[PDB]
2 protein chains.
Amino acid sequence: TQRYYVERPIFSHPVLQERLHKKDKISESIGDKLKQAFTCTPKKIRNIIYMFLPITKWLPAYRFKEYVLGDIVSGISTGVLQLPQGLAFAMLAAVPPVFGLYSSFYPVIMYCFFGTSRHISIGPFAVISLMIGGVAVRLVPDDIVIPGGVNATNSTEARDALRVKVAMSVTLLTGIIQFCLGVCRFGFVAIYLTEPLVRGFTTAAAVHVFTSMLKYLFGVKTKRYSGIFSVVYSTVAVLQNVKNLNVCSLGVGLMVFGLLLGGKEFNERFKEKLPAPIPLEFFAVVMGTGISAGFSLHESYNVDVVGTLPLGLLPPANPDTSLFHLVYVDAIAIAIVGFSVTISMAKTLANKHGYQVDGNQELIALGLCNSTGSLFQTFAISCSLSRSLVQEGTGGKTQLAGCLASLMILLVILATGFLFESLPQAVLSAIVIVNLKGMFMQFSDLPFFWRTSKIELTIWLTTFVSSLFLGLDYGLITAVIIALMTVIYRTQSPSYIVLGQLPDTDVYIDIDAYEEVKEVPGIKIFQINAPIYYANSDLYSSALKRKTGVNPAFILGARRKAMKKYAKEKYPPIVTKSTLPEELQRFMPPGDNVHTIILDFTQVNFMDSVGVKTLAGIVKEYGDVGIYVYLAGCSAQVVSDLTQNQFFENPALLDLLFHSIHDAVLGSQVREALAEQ
Amino acid sequence: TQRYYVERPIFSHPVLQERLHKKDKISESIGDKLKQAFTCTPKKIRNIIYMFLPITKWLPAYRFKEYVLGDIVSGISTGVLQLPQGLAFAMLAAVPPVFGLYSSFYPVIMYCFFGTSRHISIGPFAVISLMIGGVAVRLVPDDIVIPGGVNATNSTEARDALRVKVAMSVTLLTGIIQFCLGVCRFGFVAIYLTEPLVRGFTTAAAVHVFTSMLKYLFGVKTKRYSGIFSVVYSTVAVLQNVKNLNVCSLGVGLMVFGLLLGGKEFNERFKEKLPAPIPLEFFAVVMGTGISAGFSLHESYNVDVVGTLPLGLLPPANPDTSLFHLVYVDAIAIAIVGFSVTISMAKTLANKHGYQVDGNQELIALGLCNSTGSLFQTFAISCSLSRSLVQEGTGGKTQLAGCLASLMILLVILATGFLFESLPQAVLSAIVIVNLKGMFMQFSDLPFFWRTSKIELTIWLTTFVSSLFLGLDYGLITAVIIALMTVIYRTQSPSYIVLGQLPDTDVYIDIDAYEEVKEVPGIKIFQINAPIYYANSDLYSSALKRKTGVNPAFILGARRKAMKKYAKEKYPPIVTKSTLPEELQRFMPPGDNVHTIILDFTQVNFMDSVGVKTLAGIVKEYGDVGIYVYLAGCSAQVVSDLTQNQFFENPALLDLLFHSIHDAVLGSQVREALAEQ
């Protein structure tokens, strides 16, 4: 023994209390919890606008070389990546690309004006376009083209306009929902989602996008679904008509994918400055345009392309305020999923470097971005589908990177539409698939969790299967609920243990864990590694009698039958402990004379009324048997709420408390020794 | 100090491990977990049939006087109580009373043959008839009476038969569901419901029944509902047509209620043997029959009565096996609610005396009872609505009480129908209301929980409002989920505390709690009374920096700015702890030189990957600041899963563990003293 000598007396509970006194419990009384605002405090409003507008630190505090170069490179890279991504998302939405461009341009600006994140390429997300198509098919008629008077071979431009309008309304509704959420300071909801939730959910997103791209890789017009086996029905529909349909589409897709792999190899083997300091993909766009125009293989197979790209911009407009009635549940589900994914992405980036991000600010940012896009004839967007990860590699220090990006995209679209008016619906698909595989290759955590624990497997897999098959919103909600159920199970099946004693110490560990530990006569220890709420209550009593081996009802019956077999030849004026009625006869079973029971509570977080009742029953029962029970851990809450419940008649129950396990041990030893008379 | 002298050396973790060795970890390997059955073990099958058929202890082990008298008195009392209850439930079901009698008779018998409970009067439950009417109105047409050819003034006997058939099918489906549940050994679901759940849920049941009786107290034929404000819409419908409708009904109801109160007073003031050792109500039946027949006030107001009571019994029949398709969701909801209420009642009785009840046995009992009643042209039943409580007061020792009861009811119905063929639909209502007030008068736990805790209020009230307004099934499910949410909140907002030291002891308690406790220099203690799962994680770090006052980022910024202001005038070859870069300058803030941080984990039940990551971050961050961190409670699970996660490079991180808080205290003291060189 180098140190740690105590020589302190025995403290059960009352020794403490009589040795102690409460201090004051001073608190902030009524009306003193608001005496900060309601005046012209420049500090208060200054800090409020600081947390609302993070901009107030950017231009005043900016670099000259590193910031500029990082912003430029990151913005150009993100824009070149996301432009085909925007096109693909718009075509998935079955809207002309111009709306995708609007989403890529305006909300980026409203975010650069609003949002505390730094390294994130805010843009449209895929499943968003997925539910866009889901509405466009469910709430929007597909094969009912109302004759306006022209009856074109495809007069669906009116149906497309209806799609635009319904997306407009739903995006506005989602934006206002997000704004209302933000003004209520929701960060609690941000943390309820786990890390495996985010990871598996992104996996399901990737597989859904993969399915959609495979469908739109060849041009088979089938039904779109959003229900049970929705992706399954989509893929079987694609399969049932794939044969001898298009070969130019597959050929161009495979060749562009090979070009993309060659670029992967070129930028991955070496990291230089002259050709490209950043792995890009625009040369694929260049070659696709060249093949379509100069080589002119469109008519060589009569293959199709993106089509026409309306050149110009649009004035603002508001959605019609008489149609939101029926489109309510869809809108709210979309807002829920949009926030879930966005704030998830937000935290999963903010956790990275020496910077933190308050979600509520990002929530109001996204709410305003969606509402404004709706006003600006645009659909709502999300944090990222994979580009934000690209943004990470491109070191987008400040938010000016995304601003300059979106400005570059707007300049390109307005000053040019012809150079890319003729691109197929497969090159963008291959780009999307490249991004998907890039973002999924590391989605092989299954061994990590497998070596880690079962529960991570459970939560991962249930999220994956619920989000993939069922609706992304339904998958999300079920996944969150089942994560909470994982928590309750973890605290439902604890690890009951029976402690021993480390010789000549006050340490107590489970006997099954080691051989060096010993036991103490007449004494049993039962440690619980979980609280006792209503649910995790009675099975605790069962496990107690089980591991301890002392079934007190068995004791009573054995005493009764043994005496039968021998027979053939002043306010609570109550004792909280009986004695042994056995008159010391030779019909005793070979049961050890364990006399006292000790339950560790140092690992008990809280307690509750059902638990109070069951502990009272257990204690009274053992006392009736004539077996002592002692409780270790009389700290604050356990005693507080046990006293709150009608548990004590100021009895020796108080004496049954012990602050230390070993303190209880020695108290019991002393009690037994005194009992020796 | 009387005892408790230790003088034991310093044990962080490795001192333990090098001082210890694991024992064996022997387990039951593959194929040895089933070597009990698959042979002709008379013990195994004997005990199996014991737990399946509790009867094997009743006739062989029976008394001669006490059992007989208790069974007789309990059975007669329960039967006389439940017979009008059965009539009321049938009329609520809008079926002729004969079906209520079938429910009162057959399933009681199948239970007396199956079920380990002793003191319970198994019978029909009200809300069951409520959802019966709900189906009879929703899935069964109400005002569409198909002309069969006779076109009577009320040809609805065919519609009533349709009601009977649909109840028949749904009861069969619920019975088979319960049986399937039972064979899967469900006791987990039994405990997930709390005590306040049961109490508040019964309150809502009582108010619903009260509403129904008030409606059928005067004969206003309105619409029945099962949705939002269902009871509210029912009661407003009743109110909108109540005026000058019936006065004989209210008069007879009030007079019979006064008779019931007089009986209450007579049996409550004294407890004798000659007039009635048990408070009964049959004299109300006698007087109602006398008024209807001899006094003959029916035509005096042209008031109505129960009607005709078909005399006789019925042969068995099975439901049509081509209609269960559409009636699936309703059937499953009914089975869910039936088990919930029944097993709740079962536990709430089994907990009472020296007897325990395994629910799965009761689940298979109820499943077979429902299925058989369906086969025997009968609707399914439940444990009780209030009579079981009567059964308690009547000391129904064994299950023969209910058997003799149901036999008495069958004898009365078959040998007599005329003596009660003419009874109004108000006397039974008053009886039901008497039972309801009897069962609710003690449903004033609100002060009990209010003095107890907030959480009980939350759970009680949410159950009450969800079950009353929304559907009883929906109310149930929402109530259970919100109870689990109460658990997660309780472990989401812990009680962070900062421990001090009891002078010259190793005890450590919160400083805010008492004045006698002191502090230890350069040392801070942060105790958590809740685990660290994914959710309850980052706010923990926040509260740490908050209560401790040591914002390490603040420390870094302060050091940086202070030095700026001074300036104007081999495998993991890594240190897990930095030092102080401050060169001891007079620009230091007046911050205390607290050098080490100690986090109690003795109250930490478990850990998880998100928590692992956040602890790693916190530790690394403080080490970088140059502040030590030590962990108390290196018992089993925390170290186990921290090691499982990529946490240790076999570094001094192991040395950062401590089995005892005070052990960590002294270790830090020693480290600092050694640092003094």
# chains A, B, ... in the order shown; residues from 1 in each chain; ligands from 1
>>> interface_residues(of="chain A", to="chain B", cutoff="7 Å", atoms="only C-alpha atoms", output="NGL selection string")
:A and (1-10 or 20-23 or 191-192 or 194 or 452 or 505 or 513-516 or 529-530 or 534-535 or 602-605 or 644-645 or 666)
>>> write_last_selection(atoms="N, CA, C and O atoms", output="short mmCIF file (atom, residue, chain, number, x, y, z; two decimals), in the first residue's frame")
data_model
loop_
_atom_site.label_atom_id
_atom_site.label_comp_id
_atom_site.auth_asym_id
_atom_site.auth_seq_id
_atom_site.Cartn_x
_atom_site.Cartn_y
_atom_site.Cartn_z
N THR A 1 0.82 -1.20 0.00
CA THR A 1 0.00 0.00 0.00
C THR A 1 0.86 1.26 0.00
O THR A 1 1.50 1.57 1.00
N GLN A 2 0.87 1.98 -1.12
CA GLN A 2 1.64 3.21 -1.21
C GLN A 2 0.87 4.36 -0.56
O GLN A 2 1.42 5.09 0.26
N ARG A 3 -0.40 4.50 -0.92
CA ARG A 3 -1.28 5.49 -0.30
C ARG A 3 -2.67 4.92 -0.12
O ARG A 3 -2.88 3.71 -0.21
N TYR A 4 -3.64 5.80 0.11
CA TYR A 4 -5.04 5.46 0.26
C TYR A 4 -5.29 4.67 1.55
O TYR A 4 -5.63 3.49 1.54
N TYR A 5 -5.05 5.35 2.67
CA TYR A 5 -5.44 4.88 3.99
C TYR A 5 -6.59 5.76 4.44
O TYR A 5 -6.49 6.99 4.34
N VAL A 6 -7.68 5.16 4.93
CA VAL A 6 -8.88 5.93 5.25
C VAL A 6 -9.15 5.97 6.75
O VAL A 6 -9.16 7.04 7.35
N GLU A 7 -9.35 4.81 7.38
CA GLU A 7 -9.77 4.75 8.77
C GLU A 7 -10.94 5.71 8.99
O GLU A 7 -10.83 6.68 9.73
N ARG A 8 -12.04 5.46 8.32
CA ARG A 8 -13.21 6.30 8.53
C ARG A 8 -14.31 5.44 9.12
O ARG A 8 -14.39 4.24 8.83
N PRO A 9 -15.15 6.00 9.97
CA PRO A 9 -16.15 5.18 10.66
C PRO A 9 -17.21 4.67 9.71
O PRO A 9 -17.14 4.84 8.49
N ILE A 10 -18.21 4.02 10.29
CA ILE A 10 -19.27 3.39 9.51
C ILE A 10 -20.36 4.40 9.25
O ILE A 10 -20.90 5.01 10.17
N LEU A 20 -24.44 15.85 8.64
CA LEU A 20 -24.52 16.82 7.56
C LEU A 20 -25.71 17.76 7.76
O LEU A 20 -26.55 17.57 8.64
N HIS A 21 -25.74 18.81 6.94
CA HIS A 21 -26.84 19.77 6.90
C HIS A 21 -26.90 20.38 5.51
O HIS A 21 -25.86 20.66 4.91
N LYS A 22 -28.11 20.58 5.01
CA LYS A 22 -28.28 21.17 3.69
C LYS A 22 -27.84 22.63 3.70
O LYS A 22 -27.87 23.31 4.73
N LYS A 23 -27.40 23.11 2.54
CA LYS A 23 -26.84 24.45 2.52
C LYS A 23 -27.87 25.56 2.37
O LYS A 23 -28.22 26.22 3.35
N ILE A 191 -30.19 15.59 -32.50
CA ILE A 191 -29.37 14.56 -31.89
C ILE A 191 -30.08 13.23 -31.79
O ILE A 191 -29.41 12.19 -31.66
N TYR A 192 -31.41 13.20 -31.87
CA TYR A 192 -32.11 11.93 -31.76
C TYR A 192 -31.72 10.97 -32.85
O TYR A 192 -31.87 9.75 -32.68
N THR A 194 -28.91 9.00 -34.91
CA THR A 194 -27.60 8.50 -34.56
C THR A 194 -26.61 8.71 -35.69
O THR A 194 -26.90 9.41 -36.66
N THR A 452 -17.84 -4.67 -33.28
CA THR A 452 -18.17 -3.73 -32.21
C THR A 452 -19.27 -4.29 -31.32
O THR A 452 -19.02 -4.56 -30.14
N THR A 505 -9.19 -6.26 0.67
CA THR A 505 -9.49 -4.95 0.10
C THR A 505 -10.98 -4.68 0.30
O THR A 505 -11.73 -5.52 0.82
N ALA A 513 -16.13 -13.67 -13.13
CA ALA A 513 -15.13 -13.02 -13.96
C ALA A 513 -13.71 -13.43 -13.62
O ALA A 513 -12.86 -13.43 -14.52
N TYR A 514 -13.42 -13.78 -12.37
CA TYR A 514 -12.06 -14.07 -11.97
C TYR A 514 -12.04 -15.10 -10.86
O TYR A 514 -13.03 -15.32 -10.16
N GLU A 515 -10.89 -15.73 -10.70
CA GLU A 515 -10.69 -16.74 -9.66
C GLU A 515 -10.09 -16.17 -8.39
O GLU A 515 -10.39 -16.67 -7.30
N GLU A 516 -9.26 -15.13 -8.50
CA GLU A 516 -8.59 -14.56 -7.34
C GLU A 516 -9.58 -13.96 -6.36
O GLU A 516 -9.30 -13.89 -5.16
N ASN A 529 -26.65 -3.37 -13.54
CA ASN A 529 -26.05 -2.36 -14.41
C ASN A 529 -27.10 -1.59 -15.18
O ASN A 529 -26.83 -1.08 -16.27
N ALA A 530 -28.31 -1.50 -14.65
CA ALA A 530 -29.37 -0.78 -15.33
C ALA A 530 -30.34 -0.26 -14.30
O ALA A 530 -30.47 -0.86 -13.23
N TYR A 534 -40.44 1.04 -14.69
CA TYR A 534 -41.60 0.15 -14.58
C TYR A 534 -41.36 -1.15 -15.32
O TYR A 534 -41.68 -2.23 -14.81
N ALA A 535 -40.78 -1.08 -16.51
CA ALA A 535 -40.65 -2.27 -17.33
C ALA A 535 -39.57 -3.18 -16.76
O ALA A 535 -39.84 -4.33 -16.42
N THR A 602 -25.07 1.75 -6.89
CA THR A 602 -24.18 2.76 -7.43
C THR A 602 -24.31 2.85 -8.94
O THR A 602 -24.05 3.90 -9.53
N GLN A 603 -24.73 1.76 -9.57
CA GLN A 603 -25.00 1.77 -11.00
C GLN A 603 -26.47 1.94 -11.32
O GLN A 603 -26.88 1.67 -12.45
N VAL A 604 -27.27 2.37 -10.35
CA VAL A 604 -28.69 2.61 -10.59
C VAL A 604 -28.90 4.10 -10.81
O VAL A 604 -28.70 4.91 -9.90
N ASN A 605 -29.32 4.47 -12.02
CA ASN A 605 -29.43 5.88 -12.36
C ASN A 605 -30.60 6.54 -11.66
O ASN A 605 -30.47 7.64 -11.12
N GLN A 644 -39.93 9.97 -1.38
CA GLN A 644 -41.13 10.54 -1.98
C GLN A 644 -42.28 9.55 -1.97
O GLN A 644 -43.40 9.89 -1.58
N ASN A 645 -42.01 8.32 -2.36
CA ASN A 645 -43.02 7.28 -2.30
C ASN A 645 -43.22 6.85 -0.85
O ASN A 645 -42.33 6.96 -0.02
N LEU A 666 -19.27 -4.16 6.03
CA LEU A 666 -18.78 -4.13 7.40
C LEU A 666 -19.92 -3.92 8.37
O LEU A 666 -19.90 -4.47 9.48
#
>>> residues_around(residues="residue 339 of chain A", least_positions_apart="3", cutoff="9 Å", atoms="only C-alpha atoms", output="MDAnalysis selection string")
chainID A and resid 178 190 334:336 342:344 363 366:367 382
>>> write_last_selection(atoms="N, CA, C and O atoms", output="mmCIF file, in the first residue's frame")
data_model
loop_
_atom_site.group_PDB
_atom_site.id
_atom_site.type_symbol
_atom_site.label_atom_id
_atom_site.label_comp_id
_atom_site.auth_asym_id
_atom_site.auth_seq_id
_atom_site.Cartn_x
_atom_site.Cartn_y
_atom_site.Cartn_z
ATOM 1 N N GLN A 178 -40.135 24.313 -42.083
ATOM 2 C CA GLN A 178 -38.773 24.363 -41.566
ATOM 3 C C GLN A 178 -38.520 25.662 -40.822
ATOM 4 O O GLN A 178 -37.852 25.674 -39.785
ATOM 5 N N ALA A 190 -32.247 17.151 -33.657
ATOM 6 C CA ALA A 190 -31.016 16.907 -34.387
ATOM 7 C C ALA A 190 -30.243 15.730 -33.821
ATOM 8 O O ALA A 190 -29.697 14.935 -34.588
ATOM 9 N N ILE A 334 -42.520 15.564 -46.469
ATOM 10 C CA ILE A 334 -41.360 16.056 -47.200
ATOM 11 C C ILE A 334 -40.538 16.997 -46.338
ATOM 12 O O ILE A 334 -39.304 16.945 -46.344
ATOM 13 N N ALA A 335 -41.196 17.887 -45.600
ATOM 14 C CA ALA A 335 -40.449 18.789 -44.730
ATOM 15 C C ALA A 335 -39.689 18.008 -43.666
ATOM 16 O O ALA A 335 -38.520 18.306 -43.371
ATOM 17 N N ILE A 336 -40.337 16.998 -43.083
ATOM 18 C CA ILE A 336 -39.692 16.191 -42.056
ATOM 19 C C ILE A 336 -38.426 15.554 -42.606
ATOM 20 O O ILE A 336 -37.343 15.665 -42.019
ATOM 21 N N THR A 342 -30.895 17.008 -43.960
ATOM 22 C CA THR A 342 -30.041 18.181 -44.005
ATOM 23 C C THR A 342 -29.283 18.363 -42.703
ATOM 24 O O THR A 342 -28.056 18.520 -42.704
ATOM 25 N N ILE A 343 -29.993 18.343 -41.578
ATOM 26 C CA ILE A 343 -29.333 18.558 -40.302
ATOM 27 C C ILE A 343 -28.389 17.409 -40.000
ATOM 28 O O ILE A 343 -27.336 17.610 -39.379
ATOM 29 N N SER A 344 -28.728 16.195 -40.436
ATOM 30 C CA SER A 344 -27.789 15.091 -40.321
ATOM 31 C C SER A 344 -26.489 15.424 -41.025
ATOM 32 O O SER A 344 -25.402 15.315 -40.443
ATOM 33 N N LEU A 363 -31.499 25.318 -39.624
ATOM 34 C CA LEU A 363 -32.906 25.064 -39.903
ATOM 35 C C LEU A 363 -33.624 26.295 -40.431
ATOM 36 O O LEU A 363 -34.372 26.207 -41.411
ATOM 37 N N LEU A 366 -32.398 26.854 -44.000
ATOM 38 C CA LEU A 366 -32.990 25.983 -45.008
ATOM 39 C C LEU A 366 -34.460 26.297 -45.216
ATOM 40 O O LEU A 366 -34.960 26.221 -46.345
ATOM 41 N N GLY A 367 -35.176 26.651 -44.149
ATOM 42 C CA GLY A 367 -36.566 27.032 -44.313
ATOM 43 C C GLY A 367 -36.716 28.224 -45.232
ATOM 44 O O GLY A 367 -37.534 28.215 -46.157
ATOM 45 N N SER A 382 -31.439 20.370 -50.547
ATOM 46 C CA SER A 382 -30.945 19.792 -49.307
ATOM 47 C C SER A 382 -29.483 20.159 -49.120
ATOM 48 O O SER A 382 -28.995 21.120 -49.723
#
>>> residues_around(residues="residue 392 of chain B", least_positions_apart="3", cutoff="8 Å", atoms="only C-alpha atoms", output="list in words")
residues 119, 120, 388, 389, 395 and 396 of chain B
>>> write_last_selection(atoms="N, CA and C atoms", output="mmCIF file, in the first residue's frame")
data_model
loop_
_atom_site.group_PDB
_atom_site.id
_atom_site.type_symbol
_atom_site.label_atom_id
_atom_site.label_comp_id
_atom_site.auth_asym_id
_atom_site.auth_seq_id
_atom_site.Cartn_x
_atom_site.Cartn_y
_atom_site.Cartn_z
ATOM 1 N N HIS B 119 -58.486 -15.091 -8.225
ATOM 2 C CA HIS B 119 -59.480 -14.089 -7.859
ATOM 3 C C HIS B 119 -59.761 -13.174 -9.043
ATOM 4 N N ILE B 120 -60.594 -13.641 -9.965
ATOM 5 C CA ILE B 120 -60.962 -12.823 -11.113
ATOM 6 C C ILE B 120 -62.285 -13.327 -11.671
ATOM 7 N N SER B 388 -64.431 -7.806 -11.308
ATOM 8 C CA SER B 388 -63.294 -8.559 -10.739
ATOM 9 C C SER B 388 -62.996 -7.935 -9.386
ATOM 10 N N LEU B 389 -63.144 -6.618 -9.309
ATOM 11 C CA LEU B 389 -62.916 -5.933 -8.020
ATOM 12 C C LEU B 389 -63.948 -6.467 -7.033
ATOM 13 N N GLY B 395 -63.810 -12.491 -1.924
ATOM 14 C CA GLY B 395 -62.868 -13.569 -1.588
ATOM 15 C C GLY B 395 -63.125 -14.813 -2.404
ATOM 16 N N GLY B 396 -63.122 -14.686 -3.727
ATOM 17 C CA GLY B 396 -63.257 -15.884 -4.579
ATOM 18 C C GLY B 396 -61.967 -16.674 -4.604
#
>>> closest_residue(among="A:364, A:520, A:532, A:400", to="residue 109 of chain A", atoms="only C-alpha atoms")
A:400
>>> select_by_dssp(residues="segment 334-547 of chain B", states="helix (DSSP H, G or I)", output="VMD selection string")
chain B and resid 334 to 350 359 to 375 387 to 393 400 to 415 418 to 420 427 to 440 446 to 452 454 to 469 472 to 490 538 to 547
>>> residues_around(residues="residue 261 of chain B", least_positions_apart="6", cutoff="12 Å", atoms="only C-alpha atoms", output="list in words")
residues 254, 255, 267, 268, 279, 280, 281, 284, 430, 431, 433, 434, 435, 437 and 438 of chain B
>>> select_by_dssp(residues="segment 325-546 of chain B", states="strand (DSSP E or B)", output="NGL selection string")
:B and (376 or 382 or 497 or 499 or 501 or 510 or 514 or 518 or 523-527)
>>> write_last_selection(atoms="N, CA, C and O atoms", output="mmCIF file, in the first residue's frame")
data_model
loop_
_atom_site.group_PDB
_atom_site.id
_atom_site.type_symbol
_atom_site.label_atom_id
_atom_site.label_comp_id
_atom_site.auth_asym_id
_atom_site.auth_seq_id
_atom_site.Cartn_x
_atom_site.Cartn_y
_atom_site.Cartn_z
ATOM 1 N N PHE B 376 -68.973 -21.128 -30.625
ATOM 2 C CA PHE B 376 -70.226 -21.384 -29.923
ATOM 3 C C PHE B 376 -71.216 -20.243 -30.063
ATOM 4 O O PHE B 376 -72.049 -20.044 -29.168
ATOM 5 N N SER B 382 -63.471 -10.277 -21.784
ATOM 6 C CA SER B 382 -62.231 -9.797 -21.196
ATOM 7 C C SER B 382 -62.143 -10.253 -19.749
ATOM 8 O O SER B 382 -62.822 -11.204 -19.349
ATOM 9 N N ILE B 497 -24.051 16.888 -11.670
ATOM 10 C CA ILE B 497 -23.655 17.387 -10.362
ATOM 11 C C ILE B 497 -22.144 17.513 -10.314
ATOM 12 O O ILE B 497 -21.424 16.828 -11.041
ATOM 13 N N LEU B 499 -19.180 17.114 -7.616
ATOM 14 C CA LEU B 499 -18.921 16.569 -6.296
ATOM 15 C C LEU B 499 -17.869 17.386 -5.565
ATOM 16 O O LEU B 499 -16.987 17.999 -6.175
ATOM 17 N N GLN B 501 -15.643 17.036 -1.491
ATOM 18 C CA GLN B 501 -15.111 15.971 -0.657
ATOM 19 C C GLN B 501 -15.526 16.188 0.789
ATOM 20 O O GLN B 501 -15.449 17.309 1.300
ATOM 21 N N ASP B 510 -22.013 16.281 -4.053
ATOM 22 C CA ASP B 510 -22.180 17.583 -4.679
ATOM 23 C C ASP B 510 -21.989 18.715 -3.683
ATOM 24 O O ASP B 510 -22.520 18.680 -2.572
ATOM 25 N N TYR B 514 -24.586 20.669 0.078
ATOM 26 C CA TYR B 514 -24.239 20.861 1.474
ATOM 27 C C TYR B 514 -23.082 21.834 1.604
ATOM 28 O O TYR B 514 -22.321 22.060 0.665
ATOM 29 N N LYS B 518 -16.164 20.050 1.238
ATOM 30 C CA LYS B 518 -15.157 20.966 0.742
ATOM 31 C C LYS B 518 -14.748 20.574 -0.670
ATOM 32 O O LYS B 518 -15.322 19.678 -1.287
ATOM 33 N N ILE B 523 -8.469 20.324 -8.975
ATOM 34 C CA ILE B 523 -9.199 19.099 -9.254
ATOM 35 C C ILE B 523 -10.677 19.428 -9.364
ATOM 36 O O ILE B 523 -11.217 20.172 -8.541
ATOM 37 N N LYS B 524 -11.332 18.865 -10.370
ATOM 38 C CA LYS B 524 -12.764 19.027 -10.530
ATOM 39 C C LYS B 524 -13.419 17.681 -10.775
ATOM 40 O O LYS B 524 -12.839 16.805 -11.426
ATOM 41 N N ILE B 525 -14.623 17.525 -10.246
ATOM 42 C CA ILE B 525 -15.374 16.284 -10.327
ATOM 43 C C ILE B 525 -16.672 16.557 -11.059
ATOM 44 O O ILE B 525 -17.374 17.527 -10.755
ATOM 45 N N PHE B 526 -17.003 15.690 -12.008
ATOM 46 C CA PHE B 526 -18.235 15.838 -12.778
ATOM 47 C C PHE B 526 -18.933 14.487 -12.823
ATOM 48 O O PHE B 526 -18.502 13.584 -13.544
ATOM 49 N N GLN B 527 -20.007 14.356 -12.061
ATOM 50 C CA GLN B 527 -20.738 13.109 -11.967
ATOM 51 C C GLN B 527 -21.975 13.170 -12.847
ATOM 52 O O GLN B 527 -22.680 14.180 -12.875
#
>>> atom_distance(atom1="atom CA of residue 84 of chain B", atom2="atom CA of residue 428 of chain B")
5.4 Å
>>> atom_distance(atom1="atom CA of residue 470 of chain B", atom2="atom CA of residue 86 of chain B")
25.7 Å
>>> atom_distance(atom1="atom CA of residue 424 of chain A", atom2="atom CA of residue 211 of chain A")
17.9 Å
>>> residues_around(residues="segment 58-75 of chain A", least_positions_apart="6", cutoff="7 Å", atoms="only C-alpha atoms", output="NGL selection string")
:A and (391 or 394-398 or 400-402 or 404-405)
>>> write_last_selection(atoms="N, CA and C atoms", output="mmCIF file, in the first residue's frame")
data_model
loop_
_atom_site.group_PDB
_atom_site.id
_atom_site.type_symbol
_atom_site.label_atom_id
_atom_site.label_comp_id
_atom_site.auth_asym_id
_atom_site.auth_seq_id
_atom_site.Cartn_x
_atom_site.Cartn_y
_atom_site.Cartn_z
ATOM 1 N N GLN A 391 -16.774 18.723 -51.563
ATOM 2 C CA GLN A 391 -16.431 20.051 -51.002
ATOM 3 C C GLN A 391 -15.367 19.854 -49.926
ATOM 4 N N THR A 394 -12.075 19.421 -51.380
ATOM 5 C CA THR A 394 -11.662 20.674 -52.061
ATOM 6 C C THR A 394 -11.415 21.779 -51.036
ATOM 7 N N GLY A 395 -11.498 21.465 -49.744
ATOM 8 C CA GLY A 395 -11.155 22.471 -48.729
ATOM 9 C C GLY A 395 -11.890 23.772 -48.958
ATOM 10 N N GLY A 396 -13.215 23.720 -49.029
ATOM 11 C CA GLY A 396 -13.990 24.969 -49.141
ATOM 12 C C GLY A 396 -14.045 25.690 -47.812
ATOM 13 N N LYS A 397 -12.996 26.438 -47.462
ATOM 14 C CA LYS A 397 -12.903 27.091 -46.160
ATOM 15 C C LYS A 397 -14.157 27.872 -45.793
ATOM 16 N N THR A 398 -14.483 28.903 -46.563
ATOM 17 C CA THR A 398 -15.619 29.737 -46.219
ATOM 18 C C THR A 398 -16.784 29.472 -47.166
ATOM 19 N N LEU A 400 -18.060 31.595 -49.204
ATOM 20 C CA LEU A 400 -17.916 32.270 -50.483
ATOM 21 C C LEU A 400 -17.648 31.289 -51.613
ATOM 22 N N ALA A 401 -17.136 30.101 -51.292
ATOM 23 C CA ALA A 401 -16.899 29.086 -52.308
ATOM 24 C C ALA A 401 -18.193 28.724 -53.023
ATOM 25 N N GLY A 402 -19.235 28.403 -52.256
ATOM 26 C CA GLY A 402 -20.512 28.077 -52.861
ATOM 27 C C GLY A 402 -21.136 29.250 -53.586
ATOM 28 N N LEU A 404 -19.523 31.755 -55.162
ATOM 29 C CA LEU A 404 -18.849 31.901 -56.447
ATOM 30 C C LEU A 404 -19.183 30.743 -57.372
ATOM 31 N N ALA A 405 -19.344 29.539 -56.822
ATOM 32 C CA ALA A 405 -19.820 28.426 -57.630
ATOM 33 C C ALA A 405 -21.141 28.774 -58.298
#
